[PDB]
Amino acid sequence: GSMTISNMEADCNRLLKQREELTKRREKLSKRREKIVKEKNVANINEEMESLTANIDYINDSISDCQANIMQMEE
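Structure determination for this PDB entry was carried out by X-ray crystallography, with a resolution of 2.18 Å recorded in the header.

### Here's the deal with the overall build of the protein
What the protein contains, in helices and strands, is 2 helices and 0 strands. Against the globule reference of 11 Å for 75 residues, the protein gives a C-alpha radius of gyration of 17 Å, more extended than a compact globule. For the protein, the C-alpha atoms occupy an extent of roughly 60 × 15 × 15 Å along the three principal directions. Burial status across the protein gives 16% buried among its 75 residues. Distance between charge centres in the protein, computed from 13 positive and 15 negative side chains, equals 13 Å.

### Concerning the nonpolar core
Counting residues in each nonpolar core, the largest one holds 6 residues, listed as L29, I36, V42, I45, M49 and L52. Only α1 (4-38) and α2 (42-74) provide two or more residues apiece to this core. The element that contributes the greatest number of residues to this core is α2, accounting for 4 residues. Aside from chain neighbours lying at most four places away, what touches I36 is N41, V42 and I45.

### Concerning the environment of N41
Examined against the element boundaries, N41 turns out to sit in the loop between α1 and α2. A C-alpha to C-alpha distance of 50 Å links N41 and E74, two positions 33 residues apart in sequence.

### Re the state of the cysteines
Under the defined criterion, the tally for this structure stands at 1 disulfide. Between the sulfur atoms of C12 and its disulfide mate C66 the distance is 2.0 Å. Taking the sign of the torsion about the S-S bond as the criterion, the disulfide between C12 and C66, at about -80°, is left-handed. Looking at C12, the relative accessible area reads 3%, which means it is buried.

About the cut-offs
Residues numbered from 1 in each chain as written, not as in the entry; some residues may be left out. Heavy atoms only, no water. Helix = DSSP H or I, 4+ residues; strand = E, 2+ residues; numbered from the N terminus. Rg over C-alpha atoms; globule rule 2.2 N^0.38 Å. Buried < 20%, exposed > 50% of the residue type's maximum accessible area, 1.4 Å probe, protein only. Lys, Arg positive; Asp, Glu negative; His and termini not counted. Charge placed at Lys NZ, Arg CZ, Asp CG, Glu CD. Core = buried A, V, L, I, M, F, W, Y, C linked by side-chain atoms within 4.5 Å. Contact = heavy atoms within 4.5 Å. Disulfide = S-S within 2.5 Å.

Below, the structure is given as structure tokens:
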């Protein structure tokens, strides 16, 4: 349709917000863990930061896939 490509763009770009939110969340845990080891319970932070990283990497693959499909749609 007329807005099909525009909608694809908007939907693919929602992935950027996922990445941003997860990146900051991972950063919040980094500065938090840094203070604890400076002064334990970092194992829980390590487990979550590693989860966030795996999801950030997943999103990055999704961005490449999504943008590639747009390129094919536009060719």
